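In structure tokens, the next block holds one chain alone, the form deposited in one PDB entry.
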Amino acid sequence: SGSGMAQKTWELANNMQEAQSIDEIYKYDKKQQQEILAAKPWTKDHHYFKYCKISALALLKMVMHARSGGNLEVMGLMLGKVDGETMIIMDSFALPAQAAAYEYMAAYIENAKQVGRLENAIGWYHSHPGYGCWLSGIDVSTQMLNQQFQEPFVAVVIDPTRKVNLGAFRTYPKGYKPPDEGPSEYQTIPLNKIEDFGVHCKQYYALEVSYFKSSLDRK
């Protein structure tokens, strides 16, 4: 008796509680992010960030944008958040210009908020078509200014021509000297680029890149 109505009430309760849970998770993520941003542990430890988790969706969009440029470098902005020593990249958008970059950034955050996901500006990406993942002279100077003004901010470099050719980097501040050596993995770079590479290779380091697939990103 009233078994049918009970089942519909049960389904309604599950749906109403799921909606409340998503809202509480969003609000908890927001406060947590605001707290991490107030503490700024990265301003004291120059090697604080060590990991970079990239969604398949952000990767798909970045590779498509990088491929579309051909032999020309392209760039865009990335959305995500901080989780300890890990920089999370959840989404990205192609560029194109400053006001336009501001208005898209605001639109992507609102769109994610509607589906209960917290994200903000986390970095920039650009392509090195046919010459590997590293920071050039202009990239090192741009990323140093970013780690003073746009902080927390990561520099992603993609080489769409050749395996998973993506690098995530963090510069060292002016005057700071890191300890010992760090050539990491091998990368073949053209001879006409090797000097610019060498002149700036100790002014930054690489984050440990990993990839993830979100439930919302299963599209």
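Each residue number is its position in the shown sequence, starting from 1. Only residues modelled in both forms are compared. If you superpose the two forms and keep the largest set of C-alpha atoms that fall within 1.5 Å, you have the rigid core.
Omission of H200 is seen in a third or more of the other entries compared for this protein where the adjacent residues are built.
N165 is built in all of the other entries compared, counting only those with both neighbours built, so it is not a gap in a third.
According to the entry, the stretch of the deposited sequence that connects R162 to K163 contains 4 to 9 residues lacking coordinates, which leaves a gap of moderate length in the model.
Legend: mean Cα B-factor per stretch from the PDB entry, 98 to 106 versus 76 to 84; the higher mean is in 98 to 106. The mean Cα B-factor in the deposited entry runs higher for 183 to 191 than for the other of 183 to 191 and 62 to 70.
Set against one another, the Cα B-factors of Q114, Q143, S92, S127 in the record reach their highest point at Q114. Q33 sits in the middle third of its chain by CA B factor, as recorded in the PDB entry. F169: CA B factor in the lowest third of modelled residues in this chain (values from the PDB entry).
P152: CA B factor in the lowest third of modelled residues in this chain (values from the PDB entry).
The following text describes the form deposited in another entry, which does not appear among the structures shown.
When the rigid core is held fixed, the Cα atom of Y51 travels less than 2 angstroms between the shown form and the other one. In the core-superposed comparison between the shown form and the other one, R117 has its Cα shifted by at least 2 Å. Once the cores line up, the CA of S210 ends up less than 2 angstroms apart between the shown form and the other one. Panel note: the distance between the CA atoms of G116 and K81 is larger in the other entry than in this form, the difference being 3 Å or more. Figure legend: C-alpha atoms of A107 and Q143, shown here, are separated by at least 3 angstroms less in the other entry. Regions that shift between the shown form and the other one, defined as runs of three or more consecutive residues whose CA atoms all move by 2 angstroms or more after core superposition, comprise 1 to 38, 97 to 119, 178 to 180.
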